[PDB]
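Asks: Next comes upload-v9.json, JSON, C-alpha atoms:
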```json
[["chain", "number", "residue", "atom", "x", "y", "z"],
["A", 1, "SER", "CA", 82.94, 112.37, 117.71],
["A", 2, "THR", "CA", 85.75, 112.87, 115.23],
["A", 3, "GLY", "CA", 89.46, 112.11, 114.91],
["A", 4, "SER", "CA", 92.28, 113.67, 112.87],
["A", 5, "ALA", "CA", 95.80, 112.28, 112.53],
["A", 6, "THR", "CA", 98.76, 113.15, 110.37],
["A", 7, "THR", "CA", 100.16, 110.42, 108.12],
["A", 8, "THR", "CA", 103.84, 110.58, 107.10],
["A", 9, "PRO", "CA", 105.77, 108.87, 104.26],
["A", 10, "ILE", "CA", 108.17, 106.22, 105.55],
["A", 11, "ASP", "CA", 110.87, 107.16, 103.01],
["A", 12, "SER", "CA", 111.76, 109.54, 100.17],
["A", 13, "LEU", "CA", 109.74, 107.52, 97.64],
["A", 14, "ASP", "CA", 106.42, 107.48, 99.53],
["A", 15, "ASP", "CA", 106.62, 103.67, 99.66],
["A", 16, "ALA", "CA", 104.03, 103.73, 102.45],
["A", 17, "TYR", "CA", 102.64, 106.06, 105.08],
["A", 18, "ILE", "CA", 102.62, 105.70, 108.87],
["A", 19, "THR", "CA", 100.13, 107.18, 111.31],
["A", 20, "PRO", "CA", 100.56, 107.25, 115.09],
["A", 21, "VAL", "CA", 98.05, 105.16, 117.03],
["A", 22, "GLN", "CA", 97.58, 105.02, 120.82],
["A", 23, "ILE", "CA", 97.00, 101.51, 122.20],
["A", 24, "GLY", "CA", 96.34, 100.56, 125.81],
["A", 25, "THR", "CA", 96.48, 102.26, 129.21],
["A", 26, "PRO", "CA", 98.78, 104.06, 129.70],
["A", 27, "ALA", "CA", 99.01, 104.72, 125.98],
["A", 28, "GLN", "CA", 101.56, 102.86, 123.88],
["A", 29, "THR", "CA", 102.05, 104.76, 120.62],
["A", 30, "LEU", "CA", 102.79, 102.64, 117.55],
["A", 31, "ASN", "CA", 103.16, 103.90, 113.97],
["A", 32, "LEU", "CA", 100.74, 101.90, 111.85],
["A", 33, "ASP", "CA", 100.20, 101.56, 108.11],
["A", 34, "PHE", "CA", 96.54, 102.45, 107.50],
["A", 35, "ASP", "CA", 95.40, 100.02, 104.86],
["A", 36, "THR", "CA", 92.05, 100.39, 103.07],
["A", 37, "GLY", "CA", 92.79, 97.07, 101.35],
["A", 38, "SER", "CA", 92.68, 94.89, 104.48],
["A", 39, "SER", "CA", 90.72, 94.56, 107.70],
["A", 40, "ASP", "CA", 93.05, 93.48, 110.52],
["A", 41, "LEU", "CA", 94.63, 95.78, 113.10],
["A", 42, "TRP", "CA", 97.82, 93.92, 113.95],
["A", 43, "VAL", "CA", 100.98, 94.98, 115.77],
["A", 44, "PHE", "CA", 104.50, 93.98, 116.53],
["A", 45, "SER", "CA", 104.40, 92.96, 120.17],
["A", 46, "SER", "CA", 106.14, 91.45, 123.16],
["A", 47, "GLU", "CA", 104.95, 88.10, 121.76],
["A", 48, "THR", "CA", 106.66, 88.54, 118.37],
["A", 49, "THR", "CA", 109.46, 86.03, 117.74],
["A", 50, "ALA", "CA", 112.54, 88.00, 118.81],
["A", 51, "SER", "CA", 114.55, 87.21, 115.68],
["A", 52, "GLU", "CA", 111.76, 88.81, 113.60],
["A", 53, "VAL", "CA", 111.83, 92.18, 115.40],
["A", 54, "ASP", "CA", 114.37, 94.74, 114.08],
["A", 55, "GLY", "CA", 113.76, 98.27, 115.29],
["A", 56, "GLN", "CA", 109.96, 98.32, 115.48],
["A", 57, "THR", "CA", 108.12, 99.65, 118.48],
["A", 58, "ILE", "CA", 106.19, 96.84, 120.15],
["A", 59, "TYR", "CA", 102.89, 96.62, 121.97],
["A", 60, "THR", "CA", 103.19, 94.94, 125.38],
["A", 61, "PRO", "CA", 99.71, 93.90, 126.55],
["A", 62, "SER", "CA", 100.92, 92.99, 130.05],
["A", 63, "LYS", "CA", 101.74, 96.69, 130.61],
["A", 64, "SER", "CA", 98.22, 97.81, 129.65],
["A", 65, "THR", "CA", 95.59, 97.83, 132.40],
["A", 66, "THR", "CA", 92.81, 97.71, 129.80],
["A", 67, "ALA", "CA", 94.18, 94.79, 127.75],
["A", 68, "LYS", "CA", 92.23, 91.54, 127.85],
["A", 69, "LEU", "CA", 93.18, 88.31, 126.07],
["A", 70, "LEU", "CA", 90.48, 87.37, 123.58],
["A", 71, "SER", "CA", 90.53, 83.76, 124.64],
["A", 72, "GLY", "CA", 91.01, 81.22, 121.88],
["A", 73, "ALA", "CA", 91.22, 83.77, 119.07],
["A", 74, "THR", "CA", 93.97, 83.56, 116.46],
["A", 75, "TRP", "CA", 94.67, 85.38, 113.21],
["A", 76, "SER", "CA", 96.73, 84.81, 110.08],
["A", 77, "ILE", "CA", 96.96, 87.04, 107.02],
["A", 78, "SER", "CA", 98.68, 87.02, 103.64],
["A", 79, "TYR", "CA", 98.94, 90.18, 101.55],
["A", 80, "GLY", "CA", 99.03, 90.71, 97.79],
["A", 81, "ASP", "CA", 102.79, 91.25, 97.89],
["A", 82, "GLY", "CA", 103.42, 87.85, 99.47],
["A", 83, "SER", "CA", 104.08, 89.14, 102.98],
["A", 84, "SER", "CA", 102.30, 87.62, 105.98],
["A", 85, "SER", "CA", 101.86, 87.65, 109.75],
["A", 86, "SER", "CA", 99.94, 85.73, 112.42],
["A", 87, "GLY", "CA", 99.33, 85.51, 116.15],
["A", 88, "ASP", "CA", 96.75, 85.85, 118.91],
["A", 89, "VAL", "CA", 94.35, 88.63, 119.94],
["A", 90, "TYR", "CA", 93.74, 91.09, 122.75],
["A", 91, "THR", "CA", 91.02, 93.67, 123.11],
["A", 92, "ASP", "CA", 92.17, 97.09, 124.27],
["A", 93, "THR", "CA", 91.52, 100.80, 123.97],
["A", 94, "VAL", "CA", 92.70, 102.29, 120.68],
["A", 95, "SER", "CA", 92.78, 105.98, 119.79],
["A", 96, "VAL", "CA", 93.54, 107.66, 116.47],
["A", 97, "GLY", "CA", 93.90, 111.41, 116.34],
["A", 98, "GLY", "CA", 91.73, 111.89, 119.45],
["A", 99, "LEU", "CA", 89.05, 109.35, 118.46],
["A", 100, "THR", "CA", 88.82, 106.49, 120.96],
["A", 101, "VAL", "CA", 87.42, 102.97, 120.56],
["A", 102, "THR", "CA", 87.18, 100.69, 123.60],
["A", 103, "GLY", "CA", 87.21, 96.92, 123.11],
["A", 104, "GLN", "CA", 89.09, 97.06, 119.80],
["A", 105, "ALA", "CA", 90.61, 93.80, 118.62],
["A", 106, "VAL", "CA", 94.37, 94.30, 118.65],
["A", 107, "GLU", "CA", 95.99, 91.39, 116.87],
["A", 108, "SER", "CA", 99.35, 90.60, 118.43],
["A", 109, "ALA", "CA", 101.94, 89.16, 116.06],
["A", 110, "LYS", "CA", 103.75, 86.01, 117.09],
["A", 111, "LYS", "CA", 105.24, 85.71, 113.60],
["A", 112, "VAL", "CA", 105.89, 88.19, 110.79],
["A", 113, "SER", "CA", 107.45, 87.63, 107.35],
["A", 114, "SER", "CA", 110.82, 89.08, 106.40],
["A", 115, "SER", "CA", 109.48, 92.16, 104.60],
["A", 116, "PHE", "CA", 107.84, 93.33, 107.82],
["A", 117, "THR", "CA", 110.96, 92.64, 109.89],
["A", 118, "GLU", "CA", 113.10, 94.53, 107.38],
["A", 119, "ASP", "CA", 110.90, 97.62, 107.55],
["A", 120, "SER", "CA", 111.82, 99.26, 110.85],
["A", 121, "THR", "CA", 109.41, 102.14, 110.33],
["A", 122, "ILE", "CA", 106.14, 100.16, 110.30],
["A", 123, "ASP", "CA", 104.96, 98.84, 113.69],
["A", 124, "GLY", "CA", 101.86, 97.14, 112.24],
["A", 125, "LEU", "CA", 98.78, 97.67, 110.09],
["A", 126, "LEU", "CA", 95.40, 99.24, 110.73],
["A", 127, "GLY", "CA", 92.88, 97.77, 108.31],
["A", 128, "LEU", "CA", 90.12, 99.97, 106.89],
["A", 129, "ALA", "CA", 88.47, 97.67, 104.34],
["A", 130, "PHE", "CA", 85.19, 95.94, 105.25],
["A", 131, "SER", "CA", 85.10, 93.78, 108.36],
["A", 132, "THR", "CA", 84.06, 90.75, 106.31],
["A", 133, "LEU", "CA", 87.79, 90.38, 105.39],
["A", 134, "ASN", "CA", 88.97, 90.27, 109.01],
["A", 135, "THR", "CA", 90.96, 87.07, 109.63],
["A", 136, "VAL", "CA", 90.32, 86.48, 113.35],
["A", 137, "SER", "CA", 89.06, 82.99, 114.09],
["A", 138, "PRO", "CA", 86.76, 81.59, 115.38],
["A", 139, "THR", "CA", 85.02, 84.93, 115.98],
["A", 140, "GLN", "CA", 85.59, 87.51, 113.25],
["A", 141, "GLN", "CA", 86.40, 90.98, 114.55],
["A", 142, "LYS", "CA", 85.45, 94.50, 113.46],
["A", 143, "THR", "CA", 87.78, 97.18, 112.12],
["A", 144, "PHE", "CA", 88.56, 100.36, 114.01],
["A", 145, "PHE", "CA", 86.30, 102.29, 111.62],
["A", 146, "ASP", "CA", 83.40, 99.85, 112.03],
["A", 147, "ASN", "CA", 83.67, 100.06, 115.82],
["A", 148, "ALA", "CA", 83.89, 103.88, 115.76],
["A", 149, "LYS", "CA", 81.16, 104.39, 113.17],
["A", 150, "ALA", "CA", 78.10, 104.80, 115.38],
["A", 151, "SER", "CA", 79.86, 107.44, 117.50],
["A", 152, "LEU", "CA", 81.17, 109.46, 114.55],
["A", 153, "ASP", "CA", 79.50, 112.72, 113.56],
["A", 154, "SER", "CA", 79.24, 111.27, 110.02],
["A", 155, "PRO", "CA", 80.04, 107.64, 109.11],
["A", 156, "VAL", "CA", 83.07, 108.49, 106.96],
["A", 157, "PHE", "CA", 86.82, 108.68, 106.94],
["A", 158, "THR", "CA", 89.00, 110.56, 104.49],
["A", 159, "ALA", "CA", 92.48, 109.96, 103.08],
["A", 160, "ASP", "CA", 94.59, 112.96, 102.05],
["A", 161, "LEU", "CA", 98.00, 111.52, 101.27],
["A", 162, "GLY", "CA", 100.90, 113.83, 100.47],
["A", 163, "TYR", "CA", 103.39, 113.67, 97.63],
["A", 164, "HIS", "CA", 106.79, 113.56, 99.34],
["A", 165, "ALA", "CA", 105.07, 115.24, 102.30],
["A", 166, "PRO", "CA", 102.79, 114.46, 105.25],
["A", 167, "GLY", "CA", 99.04, 114.24, 104.85],
["A", 168, "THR", "CA", 95.96, 113.51, 106.93],
["A", 169, "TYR", "CA", 93.45, 110.80, 107.85],
["A", 170, "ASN", "CA", 90.22, 112.23, 109.26],
["A", 171, "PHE", "CA", 87.42, 110.25, 110.87],
["A", 172, "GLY", "CA", 83.85, 111.47, 111.15],
["A", 173, "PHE", "CA", 83.99, 114.67, 109.09],
["A", 174, "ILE", "CA", 84.88, 116.08, 105.69],
["A", 175, "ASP", "CA", 87.38, 118.97, 105.83],
["A", 176, "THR", "CA", 86.02, 121.28, 103.17],
["A", 177, "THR", "CA", 89.27, 123.32, 103.21],
["A", 178, "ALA", "CA", 91.36, 120.31, 102.16],
["A", 179, "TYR", "CA", 90.31, 120.10, 98.49],
["A", 180, "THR", "CA", 89.50, 122.26, 95.49],
["A", 181, "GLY", "CA", 86.27, 122.20, 93.51],
["A", 182, "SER", "CA", 83.67, 119.58, 94.37],
["A", 183, "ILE", "CA", 83.81, 115.96, 95.53],
["A", 184, "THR", "CA", 82.51, 113.47, 92.96],
["A", 185, "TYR", "CA", 80.98, 110.38, 94.51],
["A", 186, "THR", "CA", 80.88, 106.99, 92.84],
["A", 187, "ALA", "CA", 79.31, 103.62, 93.69],
["A", 188, "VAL", "CA", 81.09, 100.95, 95.72],
["A", 189, "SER", "CA", 80.72, 97.18, 95.63],
["A", 190, "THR", "CA", 81.50, 95.47, 98.93],
["A", 191, "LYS", "CA", 81.15, 91.97, 97.43],
["A", 192, "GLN", "CA", 84.88, 91.24, 97.75],
["A", 193, "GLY", "CA", 85.27, 93.17, 101.01],
["A", 194, "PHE", "CA", 87.14, 96.07, 99.37],
["A", 195, "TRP", "CA", 86.37, 99.69, 98.51],
["A", 196, "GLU", "CA", 85.75, 98.53, 94.95],
["A", 197, "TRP", "CA", 84.60, 101.03, 92.33],
["A", 198, "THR", "CA", 84.60, 101.65, 88.55],
["A", 199, "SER", "CA", 86.68, 104.41, 87.00],
["A", 200, "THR", "CA", 85.19, 105.88, 83.83],
["A", 201, "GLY", "CA", 88.45, 106.03, 81.88],
["A", 202, "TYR", "CA", 91.89, 107.53, 81.46],
["A", 203, "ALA", "CA", 94.16, 109.87, 79.55],
["A", 204, "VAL", "CA", 97.92, 109.93, 79.09],
["A", 205, "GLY", "CA", 99.56, 113.33, 79.31],
["A", 206, "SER", "CA", 97.74, 115.88, 77.18],
["A", 207, "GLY", "CA", 96.11, 113.10, 75.15],
["A", 208, "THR", "CA", 92.43, 112.58, 74.57],
["A", 209, "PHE", "CA", 90.40, 110.90, 77.27],
["A", 210, "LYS", "CA", 89.48, 107.26, 76.64],
["A", 211, "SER", "CA", 86.07, 106.37, 78.02],
["A", 212, "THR", "CA", 86.31, 102.85, 79.41],
["A", 213, "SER", "CA", 85.19, 101.14, 82.60],
["A", 214, "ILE", "CA", 88.00, 100.11, 84.92],
["A", 215, "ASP", "CA", 86.95, 98.18, 88.02],
["A", 216, "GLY", "CA", 89.41, 98.45, 90.88],
["A", 217, "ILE", "CA", 89.99, 99.05, 94.57],
["A", 218, "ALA", "CA", 90.98, 102.17, 96.49],
["A", 219, "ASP", "CA", 93.90, 100.80, 98.49],
["A", 220, "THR", "CA", 96.00, 103.05, 100.71],
["A", 221, "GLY", "CA", 98.19, 100.06, 101.65],
["A", 222, "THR", "CA", 99.47, 99.52, 98.09],
["A", 223, "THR", "CA", 102.22, 101.85, 96.86],
["A", 224, "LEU", "CA", 101.63, 101.87, 93.11],
["A", 225, "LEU", "CA", 98.84, 102.14, 90.55],
["A", 226, "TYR", "CA", 98.05, 98.74, 88.97],
["A", 227, "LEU", "CA", 95.89, 98.86, 85.84],
["A", 228, "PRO", "CA", 95.09, 96.64, 82.83],
["A", 229, "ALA", "CA", 98.03, 95.87, 80.53],
["A", 230, "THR", "CA", 96.42, 97.81, 77.66],
["A", 231, "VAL", "CA", 96.22, 101.01, 79.72],
["A", 232, "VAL", "CA", 99.72, 100.62, 81.16],
["A", 233, "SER", "CA", 101.25, 99.96, 77.71],
["A", 234, "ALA", "CA", 99.57, 103.10, 76.37],
["A", 235, "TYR", "CA", 101.09, 105.13, 79.21],
["A", 236, "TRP", "CA", 104.69, 103.85, 78.89],
["A", 237, "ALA", "CA", 104.64, 104.09, 75.09],
["A", 238, "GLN", "CA", 104.80, 107.86, 75.65],
["A", 239, "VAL", "CA", 108.12, 107.62, 77.52],
["A", 240, "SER", "CA", 111.17, 107.18, 75.27],
["A", 241, "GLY", "CA", 113.14, 104.11, 76.27],
["A", 242, "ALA", "CA", 110.55, 102.71, 78.68],
["A", 243, "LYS", "CA", 110.10, 98.96, 78.67],
["A", 244, "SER", "CA", 108.70, 96.10, 80.69],
["A", 245, "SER", "CA", 111.50, 94.19, 82.35],
["A", 246, "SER", "CA", 110.73, 90.67, 83.53],
["A", 247, "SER", "CA", 114.03, 90.63, 85.46],
["A", 248, "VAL", "CA", 113.16, 93.78, 87.42],
["A", 249, "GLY", "CA", 109.47, 92.91, 87.71],
["A", 250, "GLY", "CA", 107.71, 95.68, 85.80],
["A", 251, "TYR", "CA", 108.05, 98.77, 83.66],
["A", 252, "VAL", "CA", 111.30, 100.69, 83.95],
["A", 253, "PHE", "CA", 112.29, 103.92, 82.23],
["A", 254, "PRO", "CA", 115.41, 106.03, 81.76],
["A", 255, "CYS", "CA", 115.94, 108.17, 84.82],
["A", 256, "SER", "CA", 116.66, 111.04, 82.37],
["A", 257, "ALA", "CA", 113.03, 111.05, 81.20],
["A", 258, "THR", "CA", 110.33, 113.56, 81.94],
["A", 259, "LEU", "CA", 107.16, 111.58, 82.69],
["A", 260, "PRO", "CA", 103.72, 112.52, 81.35],
["A", 261, "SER", "CA", 100.79, 112.89, 83.71],
["A", 262, "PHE", "CA", 98.09, 110.22, 83.96],
["A", 263, "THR", "CA", 94.42, 111.13, 84.33],
["A", 264, "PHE", "CA", 91.72, 108.81, 85.67],
["A", 265, "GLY", "CA", 87.98, 109.34, 85.55],
["A", 266, "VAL", "CA", 85.59, 109.45, 88.47],
["A", 267, "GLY", "CA", 82.17, 109.75, 86.89],
["A", 268, "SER", "CA", 82.35, 112.89, 84.75],
["A", 269, "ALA", "CA", 85.23, 114.27, 86.85],
["A", 270, "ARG", "CA", 88.96, 113.81, 86.29],
["A", 271, "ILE", "CA", 91.86, 113.29, 88.69],
["A", 272, "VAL", "CA", 95.30, 114.19, 87.29],
["A", 273, "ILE", "CA", 98.36, 112.36, 88.60],
["A", 274, "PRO", "CA", 101.41, 114.51, 87.80],
["A", 275, "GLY", "CA", 104.23, 112.76, 86.01],
["A", 276, "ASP", "CA", 106.61, 113.19, 88.96],
["A", 277, "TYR", "CA", 104.30, 111.03, 91.13],
["A", 278, "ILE", "CA", 104.99, 108.11, 88.77],
["A", 279, "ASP", "CA", 108.77, 108.17, 89.34],
["A", 280, "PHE", "CA", 109.95, 105.58, 91.89],
["A", 281, "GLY", "CA", 113.63, 106.17, 91.34],
["A", 282, "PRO", "CA", 116.58, 103.96, 90.49],
["A", 283, "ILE", "CA", 115.90, 100.23, 90.44],
["A", 284, "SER", "CA", 119.09, 99.82, 92.51],
["A", 285, "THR", "CA", 121.39, 102.43, 94.04],
["A", 286, "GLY", "CA", 123.27, 104.34, 91.34],
["A", 287, "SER", "CA", 121.31, 102.85, 88.41],
["A", 288, "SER", "CA", 120.07, 105.06, 85.57],
["A", 289, "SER", "CA", 117.07, 102.77, 85.14],
["A", 290, "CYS", "CA", 114.11, 104.01, 87.16],
["A", 291, "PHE", "CA", 111.07, 102.07, 88.36],
["A", 292, "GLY", "CA", 107.63, 103.09, 87.13],
["A", 293, "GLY", "CA", 104.71, 103.94, 89.40],
["A", 294, "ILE", "CA", 102.09, 102.62, 87.00],
["A", 295, "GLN", "CA", 102.30, 98.85, 86.52],
["A", 296, "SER", "CA", 100.19, 96.09, 85.03],
["A", 297, "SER", "CA", 97.59, 94.36, 87.18],
["A", 298, "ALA", "CA", 97.71, 91.27, 84.94],
["A", 299, "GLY", "CA", 98.10, 88.28, 87.22],
["A", 300, "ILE", "CA", 97.11, 90.23, 90.36],
["A", 301, "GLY", "CA", 93.51, 89.54, 89.46],
["A", 302, "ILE", "CA", 92.30, 93.02, 90.39],
["A", 303, "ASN", "CA", 93.12, 96.63, 89.47],
["A", 304, "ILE", "CA", 94.52, 98.65, 92.39],
["A", 305, "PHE", "CA", 94.25, 102.41, 92.83],
["A", 306, "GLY", "CA", 97.12, 102.57, 95.30],
["A", 307, "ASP", "CA", 98.97, 105.53, 96.75],
["A", 308, "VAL", "CA", 100.24, 106.85, 93.38],
["A", 309, "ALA", "CA", 96.62, 107.51, 92.41],
["A", 310, "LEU", "CA", 95.11, 108.32, 95.81],
["A", 311, "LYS", "CA", 97.72, 110.91, 96.75],
["A", 312, "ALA", "CA", 96.61, 113.00, 93.76],
["A", 313, "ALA", "CA", 93.16, 113.34, 95.37],
["A", 314, "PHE", "CA", 91.22, 114.02, 98.51],
["A", 315, "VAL", "CA", 89.39, 110.72, 98.99],
["A", 316, "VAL", "CA", 86.20, 110.11, 100.99],
["A", 317, "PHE", "CA", 85.46, 106.61, 102.22],
["A", 318, "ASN", "CA", 81.75, 106.87, 102.94],
["A", 319, "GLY", "CA", 80.64, 104.06, 105.24],
["A", 320, "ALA", "CA", 76.95, 104.88, 105.19],
["A", 321, "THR", "CA", 74.49, 101.99, 104.87],
["A", 322, "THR", "CA", 75.18, 102.07, 101.15],
["A", 323, "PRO", "CA", 78.88, 102.87, 100.96],
["A", 324, "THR", "CA", 80.35, 105.14, 98.31],
["A", 325, "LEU", "CA", 83.72, 106.69, 97.44],
["A", 326, "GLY", "CA", 84.33, 110.39, 96.78],
["A", 327, "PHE", "CA", 87.24, 112.00, 94.96],
["A", 328, "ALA", "CA", 88.22, 115.65, 94.73],
["A", 329, "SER", "CA", 91.23, 117.42, 93.28],
["A", 330, "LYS", "CA", 93.40, 119.29, 95.77]]
```
Output the structure of this file as structure tokens.
Replies:
Amino acid sequence: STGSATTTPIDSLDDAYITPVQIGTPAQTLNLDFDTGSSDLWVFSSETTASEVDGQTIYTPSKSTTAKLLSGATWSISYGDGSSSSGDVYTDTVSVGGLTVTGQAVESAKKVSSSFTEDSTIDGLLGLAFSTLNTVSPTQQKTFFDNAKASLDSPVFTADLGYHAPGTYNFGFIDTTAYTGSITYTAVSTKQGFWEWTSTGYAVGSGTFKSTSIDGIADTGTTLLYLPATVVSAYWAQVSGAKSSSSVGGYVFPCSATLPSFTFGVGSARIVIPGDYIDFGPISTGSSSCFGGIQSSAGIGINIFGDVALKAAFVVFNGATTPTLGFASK
């Protein structure tokens, strides 16, 4: 089997992407944030504290003939940005882009933190990291990808995120028309439960390539590119007037600037992030200070190849017995 679904930016900055997901019988379609940095499929629901729901579409298990309470199971998750959610668990039928899993753990939110409430466009998350990070207790549950894997034509999914435009998540096949040149594959460590890999270096603009190992995670659920302070300083030093602002919470730059590209290495191959992808606009409405898309990972504890980086590539998440990651230009 295979599946193919379009993923759409939630706003003009590509702050996140939402993908429609069918849950239950008859289908209830919710727009979920596919997140390769976590492993829970959780939704706003009829059980969510009413004061914490503001415009989201909810899953109502009582209206699904295939929903079953997973008795005694609870979940609770905290994300790298300080947001969180928790609740109980149902199993139900879940379909993405024509690919159907029966018995999928659908984690129903009883509580969500303010950032989730305030984002009317995201109805929940669909985790695509390794199932070892799933938070369901006392019986850990599998991700949608892990459940689908054995049925898939090939045990892979691909992320093809757009810049200010829709893109595609495919399950079970590699669309050879969706990228240019060849896909370069690189080793993955699953030791922390992430799609963790080592970039071979970077370049700023038309500068020379610096060969250096950068361990990090491919994370579709993180907006920006978080890299070591040395790398990030070298990038922003090429933008007149750019500076790190503790009050704003990262590097800002004059909105009048033209940003240089940023290149990252995948083995001997190179992925080029155009300068425009690094512009996240005014720090507040009407400001001439703009927020940078490349930020320091210092104090996160891990480097994160988030959407800024991934949207410059066609990315293969290969879930074979020994997982790997592939990157192609597009």
Asks: With 12 Å as the cut-off and only C-alpha atoms counted, what is the closest atom pair between each nearby residue of segment 76-167 of chain A and segment 222-244 of chain A? Distances in Å to one decimal, ordered by chain and number, as JSON lines.
Replies:
```
{"residue": "A:79", "atom": "CA", "partner": "A:222", "partner_atom": "CA", "distance": 10.0}
{"residue": "A:80", "atom": "CA", "partner": "A:222", "partner_atom": "CA", "distance": 8.8}
{"residue": "A:81", "atom": "CA", "partner": "A:222", "partner_atom": "CA", "distance": 8.9}
{"residue": "A:161", "atom": "CA", "partner": "A:223", "partner_atom": "CA", "distance": 11.4}
{"residue": "A:163", "atom": "CA", "partner": "A:223", "partner_atom": "CA", "distance": 11.9}
```
Asks: Place a sphere of radius 9 Å on (94.3, 101.0, 129.0) in the file coordinates and name every protein, DNA or RNA residue with an atom inside or on its surface, counting all atoms listed in the file; give the answer as a ChimeraX atom specification.
Replies: /A:23-27,63-67,92-94,102
Asks: Keeping only C-alpha atoms, write the selected residues to a file as a CSV table (one decimal), in the frame of the given file.
Replies:
```
chain,number,residue,atom,x,y,z
A,23,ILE,CA,97.0,101.5,122.2
A,24,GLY,CA,96.3,100.6,125.8
A,25,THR,CA,96.5,102.3,129.2
A,26,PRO,CA,98.8,104.1,129.7
A,27,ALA,CA,99.0,104.7,126.0
A,63,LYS,CA,101.7,96.7,130.6
A,64,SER,CA,98.2,97.8,129.6
A,65,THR,CA,95.6,97.8,132.4
A,66,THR,CA,92.8,97.7,129.8
A,67,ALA,CA,94.2,94.8,127.8
A,92,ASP,CA,92.2,97.1,124.3
A,93,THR,CA,91.5,100.8,124.0
A,94,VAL,CA,92.7,102.3,120.7
A,102,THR,CA,87.2,100.7,123.6
```
Asks: Nearest residue to residue 196 of chain A out of A:173, A:305, A:144, A:277, using only C-alpha atoms?
Replies: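 Between A:173, A:305, A:144, A:277, the residue approaching residue 196 of chain A most closely is A:305.
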Asks: If we count only C-alpha atoms and set the cut-off at 10 Å, which residues sit around segment 254-258 of chain A, ignoring sequence neighbours fewer than 4 positions away in its own chain? Please answer as a PyMOL selection string.
Replies: chain A and resi 239-243+275-276+279-283+287-292
Asks: Looking at A:212, A:320, A:96, A:69, which one is nearest to residue 168 of chain A, with distances taken over all atoms listed in the file?
Replies: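 Ranked by minimum distance to residue 168 of chain A, first place goes to A:96.
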Asks: When you count only C-alpha atoms, which of these residues is closest to residue 271 of chain A: A:221, A:251, A:319, A:209?
Replies: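 Checking each of A:221, A:251, A:319, A:209 against residue 271 of chain A, counting only C-alpha atoms, the winner is A:209.
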Asks: May I ask which of the residues A:39, A:158, A:62, A:261 is the closest one to residue 107 of chain A, counting only C-alpha atoms?
Replies: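 Of the candidates, the smallest distance to residue 107 of chain A is held by A:39.
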Asks: Measure the distance from atom CA of residue 213 of chain A to atom CA of residue 318 of chain A in Å and round it to one decimal.
Replies: 21.4 Å
